[PDB]
Each structure stands twice: as C-alpha cells, then as structure tokens.
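Participant: Let me give you the structure first, and then I'll get to my questions.
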Amino acid sequence: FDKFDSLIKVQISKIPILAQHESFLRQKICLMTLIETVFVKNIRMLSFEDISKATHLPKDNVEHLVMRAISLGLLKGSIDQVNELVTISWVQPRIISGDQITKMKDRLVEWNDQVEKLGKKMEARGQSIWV
Amino acid sequence: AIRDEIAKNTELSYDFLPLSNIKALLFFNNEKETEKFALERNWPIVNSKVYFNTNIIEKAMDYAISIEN
Amino acid sequence: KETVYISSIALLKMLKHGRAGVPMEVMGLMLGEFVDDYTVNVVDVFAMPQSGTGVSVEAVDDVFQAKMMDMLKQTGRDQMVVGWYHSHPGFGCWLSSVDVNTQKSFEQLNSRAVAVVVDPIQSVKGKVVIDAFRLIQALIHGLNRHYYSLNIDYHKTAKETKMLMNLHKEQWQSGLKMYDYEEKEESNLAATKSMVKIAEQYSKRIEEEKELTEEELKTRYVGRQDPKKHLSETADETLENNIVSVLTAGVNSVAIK
Ligand SMILES: [Zn+2]
C-alpha cells in the first residue's frame, strides 16, 4: 500500500489521464491489499480493524470494500458485523510473481511438518495394532 | 474437633463469607481468632470477606487397541 | 407412488445446459416413454433455443422441435415428448403461474406429461436440487394447491456405472476418504433402534430359557438366530464403524488444516 502510495505522487502530476481517475486507483489498491492480506493469512478471517490498518481505510467503508471485493468475483465469503469478522470462503486464483511464491513455499513447509509429526506420532500409539 | 467440621463443611457450602459471619459459625468470641484459623486453614481473605477456592485421536486408537487385544 | 426414472445422460445434459444459461433460465424437452400409470421414464433430452421473452409457451419452437425429431429418428431415438425441463436459478423449484399455463399446453398433448424444474446455482457438489411434478418455499405458490409434487430416480446400466467408476481413481486416496455423513446418521440411528428391538428378545430368551429346557428351546428357536448373537453381532458394526469414523475425522482436521 504505502510504496504504491509513494509511486503515484510523481507520475500523477505527469500523465493527465492519471490525474483523472485517482479515485479508481485508490479503490483498486485497497482491494489488492485486502486480497493479499487474506491470501497469505493461515486461517482466513479478519476483523474490520485489521483491514482498516492494512488498507489505511477508516472502518466504515471496510464493509463496502469487502462487499465490492466480492461483487467483482474476487472473493467469496460472508461478513459478520456483530463481531466484526470476515470469513472469506475463498480467494481467486491469480497469476503469481516470484516473491509471492516463497510464502506459499513456507505455508506448505508448515503443512508438511504437521504431517511429519502426526504420521510419525501415530505408529507409537497403537503400535500393538498394525497389519 | 467440631470446628474443622463446620470448616470442612463450609468449604463446600458457599465460597463467600463476611468475617463476622465466620465468627458466628465457628463460635468465636474473637475477631482475630478467625483469620488465625483461616490462615491455619489456608483461606485467602479479602478484607473481612473470604473466598474458599488428551486428544481425541489418542482416545480413538486407545479404544481400538483395547478392542484388538 | 408415482415416479420418474431419469437416465444419466438426461441428467448430465440437463445440468450442463442449466449451468450454461445462468443467470437466465433455459428450457428444453424430455424424451421417454410411459411405462404404466405409476411411471414415466426419461431417456433423452434436447435443448430449446432462447427467446426474447422468458420461458413460455411460444418459447417452444415447432420448427426446431420436429427438425430435431427426424434427425433423431435417423439415430433411432424415437420417443414421445414426455415432459419439459426448465430452470429457476436461485429461486428454488416451483412453477410460476406462467410455468403453469405452459404445463397445461403440455397437458392437452398428453395427460401424463410432467414438468421438471432444475435449479443450477444452488444445486452444488453436495445434494443436487431437482424437481418433477404436475398440475391439478414452494407452498407460497401452492405446491399442493394448483399442482402436486412427484418423485425421481435414476436408471443405470451396468456399463454406464462402469464408466463412471474410472472417473475418480481412489486407489491412492483411500483412507482419508470420509463417506457420506447423513448415511451414517441413518446408520447410527437404525442400528440403535434395532439393538433396542432385539434387546427384549434376548430378555425373552433369558426368561423363557430359564424356565424351559434347552432341548425344548431348540425346537422353538432354531428357525431364527440366537438374539444374544444380534447383540454380540450388531454391537460391533456400530463400534468399529464409529471408531474409524471418529479417527478419520480426527486426522482430517489436524492433518489437512
Ligand atoms: Zn419457470
């Protein structure tokens, strides 16, 4: 978010077509940010605060941001206001650059380890039952 | 021999007593004999007022190995 | 008591066309034969083009229809038009009155013709929502008032099934597979009700067996099986099926998450 926010400051004066539609660019950023902060997160759920700080959006809109993120197809999921959570059933497959892969490598290493311990831990117990 | 009883009673009776009431129960003529006794009873005292206080997977395999012996 | 049997190719062509028309509703025709008063069999389907207006009477296209008919004749598919599919995406399965009038336009062709409503979107990888029924959530429209529901089943040839088997090759994945839960609800229920049923049979055998000799008892009971063995027996399937049932989930939760 921030780095982009820096980038726009220069060229936004330069290209007049960018001078118009700054609103778009802002929305679009907030979205992409949201999408990622969900995509990396191990268990997918969010408070509204989390999205607020992540997107630097005051939290009223946060539910407009989420709802609009769905109506474009980007997310599926639901909103629970009472507790201010966002469940995010699933997030759209999207072509991934280099760095974003690394985190996937990580989470997949984790979910390899959990199995390491579980499988290797279940012979001991019930060693008297095997065939 | 009686007082512990009441004590051993009241421990489970209800968690909450004003000190004057403990004096009432245990037949003290004294206020300080109370917290003497309660310390001897290890009772944490608040200003006259006393308070008296395996994964499922494992379970499954356990049932199994118990069955196939 | 009345029922329809819907062949596989019918159902798949159905759901395909429906899912393809979303979010607009599609219609087509149903090819089959009436076995008796109690049965309609649907072996075939073909798809009817869109109309500027919604699904309606004139949406049925004569030119298109017969044009399809003969070209199926050359393939030997000759059948009556036994009903007409349809879809109410997102709205569940019911007939609007406009659905009704058309359904009548298929009554006066054949008195037993049926209506089939398919619902593409909320039909999902779990239960598929499908409905078939004919005239006189859904009760708002007079489920029982203007029309009435029917029942559905699926004909499957041996070879059909055999093709379907090889879709999923479960040979590697078995052991992390959890079979349908509702089915083991009827299981874990009907099993218990049964154990109840034979409980007092074991009771009657212990009382009667008490006051009557074994030689006399054998004469009576040899026909059926030793209700103590339905306890010893039946307790098991519940036991182990429920232990693998528990463990399997305990593993899927911690391992897969
Ligand atoms: Zn309709």
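By order of appearance in the structure tokens: chains A, B, ..., then residues from 1 within every chain, and ligands from 1 in the order shown.
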Which residues are near ligand 1 - at most 8 Å, using only C-alpha atoms and all ligand atoms? Format: as JSON, numbers by chain.

Facilitator: {"C": [25, 55, 86, 87, 88, 94, 95, 96, 98, 99, 117]}

Participant: Up to 10 Å from chain A, what residues of chain C turn up? Count only C-alpha atoms and give them as a count of residues only.

Facilitator: 5

Participant: Should the cut-off be 12 Å, what would the residue list for chain A against chain B look like, counting only C-alpha atoms, as a PDB file with N, CA and C atoms, in the first residue's frame?

Facilitator:
```pdb
ATOM      1  N   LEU A 118       2.444 -35.820  12.923  1.00  0.00           N
ATOM      2  CA  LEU A 118       1.260 -36.633  13.156  1.00  0.00           C
ATOM      3  C   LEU A 118       1.494 -38.072  12.724  1.00  0.00           C
ATOM      4  N   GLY A 119       1.867 -38.265  11.461  1.00  0.00           N
ATOM      5  CA  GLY A 119       2.132 -39.608  10.985  1.00  0.00           C
ATOM      6  C   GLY A 119       3.180 -40.305  11.821  1.00  0.00           C
ATOM      7  N   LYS A 121       3.960 -39.756  14.728  1.00  0.00           N
ATOM      8  CA  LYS A 121       3.495 -39.865  16.097  1.00  0.00           C
ATOM      9  C   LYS A 121       2.414 -40.919  16.274  1.00  0.00           C
ATOM     10  N   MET A 122       1.830 -41.411  15.195  1.00  0.00           N
ATOM     11  CA  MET A 122       0.731 -42.345  15.344  1.00  0.00           C
ATOM     12  C   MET A 122       1.135 -43.805  15.240  1.00  0.00           C
ATOM     13  N   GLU A 123       2.389 -44.117  14.923  1.00  0.00           N
ATOM     14  CA  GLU A 123       2.779 -45.518  14.996  1.00  0.00           C
ATOM     15  C   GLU A 123       2.967 -45.924  16.443  1.00  0.00           C
ATOM     16  N   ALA A 124       3.689 -45.095  17.196  1.00  0.00           N
ATOM     17  CA  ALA A 124       3.982 -45.335  18.597  1.00  0.00           C
ATOM     18  C   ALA A 124       2.715 -45.745  19.322  1.00  0.00           C
ATOM     19  N   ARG A 125       1.781 -44.813  19.459  1.00  0.00           N
ATOM     20  CA  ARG A 125       0.442 -45.176  19.878  1.00  0.00           C
ATOM     21  C   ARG A 125      -0.096 -46.224  18.924  1.00  0.00           C
ATOM     22  N   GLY A 126      -0.757 -47.231  19.470  1.00  0.00           N
ATOM     23  CA  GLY A 126      -1.304 -48.257  18.608  1.00  0.00           C
ATOM     24  C   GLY A 126      -0.256 -49.006  17.827  1.00  0.00           C
ATOM     25  N   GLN A 127       0.968 -49.080  18.348  1.00  0.00           N
ATOM     26  CA  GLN A 127       1.954 -49.975  17.759  1.00  0.00           C
ATOM     27  C   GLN A 127       1.487 -51.418  17.840  1.00  0.00           C
ATOM     28  N   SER A 128       0.746 -51.751  18.890  1.00  0.00           N
ATOM     29  CA  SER A 128       0.220 -53.095  19.039  1.00  0.00           C
ATOM     30  C   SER A 128      -0.827 -53.437  17.992  1.00  0.00           C
ATOM     31  N   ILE A 129      -1.365 -52.454  17.290  1.00  0.00           N
ATOM     32  CA  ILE A 129      -2.233 -52.711  16.155  1.00  0.00           C
ATOM     33  C   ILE A 129      -1.524 -52.205  14.916  1.00  0.00           C
ATOM     34  N   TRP A 130      -1.008 -53.128  14.112  1.00  0.00           N
ATOM     35  CA  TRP A 130      -0.683 -52.839  12.728  1.00  0.00           C
ATOM     36  C   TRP A 130      -0.794 -54.130  11.945  1.00  0.00           C
ATOM     37  N   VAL A 131      -0.938 -53.991  10.635  1.00  0.00           N
ATOM     38  CA  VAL A 131      -1.001 -55.136   9.739  1.00  0.00           C
ATOM     39  C   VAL A 131      -0.221 -54.838   8.471  1.00  0.00           C
TER      40      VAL A 131
END
```

Participant: If you measure from CA of residue 155 in chain C to CA of residue 169 in chain C, what distance in Å do you get, rounded to one decimal?

Facilitator: 23.1 Å

Participant: What's around residue 62 in chain A at 8 Å? Count only C-alpha atoms, leave out sequence neighbours fewer than 6 positions away in its own chain, and write the answer as a list in words.

Facilitator: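 Near residue 62 in chain A, the qualifying residues are residues 48, 51 and 52 of chain A.
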
Participant: Generate the output file for the selected residues, C-alpha atoms, as a CSV table (one decimal), in the first residue's frame.

Facilitator:
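File produced: selection_9.csv:
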```
chain,number,residue,atom,x,y,z
A,48,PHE,CA,-12.6,-4.9,10.5
A,51,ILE,CA,-8.4,-4.4,7.2
A,52,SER,CA,-8.5,-0.8,8.3
```

Participant: Using only C-alpha atoms, find each residue in chain C having at least one atom no more than 10 Å away from chain B; report its shortest atom-to-atom pair and that distance in Å (one decimal), rows by chain then rising number, as a tab-separated table.

Facilitator:
```
residue	atom	partner	partner_atom	distance
C:239	CA	B:64	CA	9.4
C:240	CA	B:64	CA	7.9
C:242	CA	B:60	CA	9.5
C:243	CA	B:60	CA	6.1
C:244	CA	B:60	CA	8.0
C:245	CA	B:60	CA	9.6
C:246	CA	B:60	CA	6.9
C:247	CA	B:57	CA	5.7
C:248	CA	B:57	CA	8.7
C:249	CA	B:57	CA	8.8
C:250	CA	B:57	CA	5.5
C:251	CA	B:57	CA	7.1
C:254	CA	B:57	CA	9.6
```

Participant: Write the residues of the preceding selection, restricted to C-alpha atoms, as a PDB file, in the first residue's frame.

Facilitator:
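part26.pdb, written as the output of this step:
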```pdb
ATOM      1  CA  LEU C 239     -18.276 -49.970  17.415  1.00  0.00           C
ATOM      2  CA  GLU C 240     -15.654 -50.211  14.730  1.00  0.00           C
ATOM      3  CA  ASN C 242     -17.787 -45.462  14.632  1.00  0.00           C
ATOM      4  CA  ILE C 243     -14.167 -45.733  15.674  1.00  0.00           C
ATOM      5  CA  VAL C 244     -12.831 -45.444  12.146  1.00  0.00           C
ATOM      6  CA  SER C 245     -15.467 -42.779  11.648  1.00  0.00           C
ATOM      7  CA  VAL C 246     -14.129 -40.815  14.602  1.00  0.00           C
ATOM      8  CA  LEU C 247     -10.457 -41.342  13.887  1.00  0.00           C
ATOM      9  CA  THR C 248     -10.774 -40.443  10.225  1.00  0.00           C
ATOM     10  CA  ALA C 249     -12.156 -37.038  11.119  1.00  0.00           C
ATOM     11  CA  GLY C 250      -9.658 -36.536  13.909  1.00  0.00           C
ATOM     12  CA  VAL C 251      -6.963 -36.993  11.289  1.00  0.00           C
ATOM     13  CA  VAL C 254      -5.453 -31.774  12.275  1.00  0.00           C
TER      14      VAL C 254
END
```

Participant: Can you tell me which residues surround residue 23 in chain C at a distance of at most 9 Å, considering only C-alpha atoms, apart from same-chain residues fewer than 2 positions away, and format the answer as an NGL selection string?

Facilitator: :C and (19-21 or 25 or 89-90 or 121)

Participant: Name the residues in contact with residue 46 in chain A at a cut-off of 9 Å, using only C-alpha atoms, excluding same-chain residues fewer than 3 positions from it; report them as number ranges by chain.

Facilitator: A: 38, 49-51, 84-88

Participant: Generate the output file for the selected residues, N, CA and C atoms, as a PDB file, in the first residue's frame.

Facilitator:
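Output file selection12.pdb follows:
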```
ATOM      1  N   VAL A  38      -5.434 -11.364   2.935  1.00  0.00           N
ATOM      2  CA  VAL A  38      -6.188 -12.594   3.131  1.00  0.00           C
ATOM      3  C   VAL A  38      -5.432 -13.787   2.582  1.00  0.00           C
ATOM      4  N   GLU A  49     -10.875  -3.967  11.968  1.00  0.00           N
ATOM      5  CA  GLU A  49      -9.675  -3.205  12.260  1.00  0.00           C
ATOM      6  C   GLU A  49      -8.531  -3.648  11.376  1.00  0.00           C
ATOM      7  N   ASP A  50      -8.273  -4.952  11.343  1.00  0.00           N
ATOM      8  CA  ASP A  50      -7.161  -5.471  10.563  1.00  0.00           C
ATOM      9  C   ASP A  50      -7.173  -4.913   9.156  1.00  0.00           C
ATOM     10  N   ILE A  51      -8.325  -4.980   8.502  1.00  0.00           N
ATOM     11  CA  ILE A  51      -8.424  -4.430   7.165  1.00  0.00           C
ATOM     12  C   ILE A  51      -8.199  -2.934   7.198  1.00  0.00           C
ATOM     13  N   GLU A  84     -17.719  -8.220  13.943  1.00  0.00           N
ATOM     14  CA  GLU A  84     -16.819  -7.547  13.017  1.00  0.00           C
ATOM     15  C   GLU A  84     -15.743  -8.500  12.497  1.00  0.00           C
ATOM     16  N   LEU A  85     -16.195  -9.602  11.913  1.00  0.00           N
ATOM     17  CA  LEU A  85     -15.329 -10.578  11.279  1.00  0.00           C
ATOM     18  C   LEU A  85     -15.640 -10.685   9.799  1.00  0.00           C
ATOM     19  N   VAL A  86     -14.686 -11.228   9.054  1.00  0.00           N
ATOM     20  CA  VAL A  86     -14.868 -11.517   7.643  1.00  0.00           C
ATOM     21  C   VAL A  86     -14.305 -12.904   7.403  1.00  0.00           C
ATOM     22  N   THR A  87     -15.146 -13.843   6.985  1.00  0.00           N
ATOM     23  CA  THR A  87     -14.713 -15.233   6.926  1.00  0.00           C
ATOM     24  C   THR A  87     -13.922 -15.566   5.667  1.00  0.00           C
ATOM     25  N   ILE A  88     -14.297 -15.020   4.518  1.00  0.00           N
ATOM     26  CA  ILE A  88     -13.593 -15.288   3.268  1.00  0.00           C
ATOM     27  C   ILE A  88     -13.551 -16.766   2.925  1.00  0.00           C
TER      28      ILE A  88
END
```

Participant: Hey, can you check how far CA of residue 34 in chain B sits from CA of residue 12 in chain B?

Facilitator: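 Atom-to-atom, CA of residue 34 in chain B to CA of residue 12 in chain B, that is 18.0 Å.
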
Participant: Applying 12 Å and only C-alpha atoms, which residues near residue 229 in chain C remain after dropping the ones on its own chain fewer than 3 positions away? List them as a list in words.

Facilitator: residues 195, 198, 199, 201, 202, 205, 224, 225, 226, 232, 233, 234, 235 and 236 of chain C

Participant: Could you please take those selected residues and save N, CA, C and O atoms as a compact mmCIF listing (two decimals), in the first residue's frame?

Facilitator:
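Output (out-v9.txt):
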```
# COMPACT_ATOMS: atom_id res chain seq x y z
N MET C 195 -30.95 -52.49 17.92
CA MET C 195 -30.46 -53.04 19.18
C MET C 195 -31.55 -53.02 20.22
O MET C 195 -31.72 -53.98 20.97
N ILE C 198 -33.98 -55.99 19.47
CA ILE C 198 -33.60 -57.33 19.87
C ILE C 198 -33.22 -57.42 21.34
O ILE C 198 -33.03 -58.54 21.85
N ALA C 199 -33.11 -56.29 22.03
CA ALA C 199 -32.88 -56.33 23.47
C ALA C 199 -33.90 -57.22 24.15
O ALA C 199 -33.56 -58.26 24.72
N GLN C 201 -35.83 -59.27 22.98
CA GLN C 201 -35.81 -60.64 22.52
C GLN C 201 -34.81 -61.45 23.32
O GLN C 201 -35.10 -62.56 23.76
N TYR C 202 -33.62 -60.89 23.54
CA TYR C 202 -32.67 -61.52 24.45
C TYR C 202 -33.24 -61.63 25.85
O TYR C 202 -32.93 -62.57 26.59
N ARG C 205 -35.58 -64.62 25.71
CA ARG C 205 -34.83 -65.86 25.73
C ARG C 205 -34.21 -66.14 27.08
O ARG C 205 -34.06 -67.31 27.44
N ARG C 224 -34.81 -69.03 13.89
CA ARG C 224 -34.13 -67.74 13.85
C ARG C 224 -32.84 -67.82 14.67
O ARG C 224 -32.53 -68.84 15.29
N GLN C 225 -32.08 -66.73 14.68
CA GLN C 225 -30.76 -66.70 15.29
C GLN C 225 -30.50 -66.07 16.64
O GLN C 225 -30.23 -64.87 16.72
N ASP C 226 -30.64 -66.85 17.71
CA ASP C 226 -29.88 -66.58 18.92
C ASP C 226 -29.77 -65.09 19.21
O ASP C 226 -28.68 -64.52 19.08
N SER C 232 -24.27 -59.39 20.31
CA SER C 232 -22.83 -59.54 20.14
C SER C 232 -22.42 -59.08 18.75
O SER C 232 -21.46 -58.31 18.60
N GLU C 233 -23.13 -59.54 17.74
CA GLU C 233 -23.00 -59.10 16.37
C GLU C 233 -23.15 -57.60 16.23
O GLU C 233 -22.17 -56.89 15.98
N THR C 234 -24.37 -57.13 16.41
CA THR C 234 -24.74 -55.79 15.97
C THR C 234 -23.98 -54.72 16.72
O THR C 234 -23.74 -53.64 16.17
N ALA C 235 -23.57 -54.99 17.96
CA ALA C 235 -22.79 -54.00 18.69
C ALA C 235 -21.54 -53.62 17.92
O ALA C 235 -21.12 -52.46 17.94
N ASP C 236 -20.94 -54.58 17.24
CA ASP C 236 -19.68 -54.37 16.54
C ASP C 236 -19.78 -53.26 15.51
O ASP C 236 -19.19 -52.19 15.70
```

Participant: Return as a list in words the full set of residues in chain B whose backbone-based DSSP assignment is strand (DSSP E or B).

Facilitator: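 Taking chain B and keeping strand (DSSP E or B) gives residues 16, 17, 18, 45, 46, 49, 50 and 51 of chain B.
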
Participant: For residue 83 in chain A, which residue among A:66, A:45, A:8, A:54 is the nearest when counting only C-alpha atoms?

Facilitator: A:45
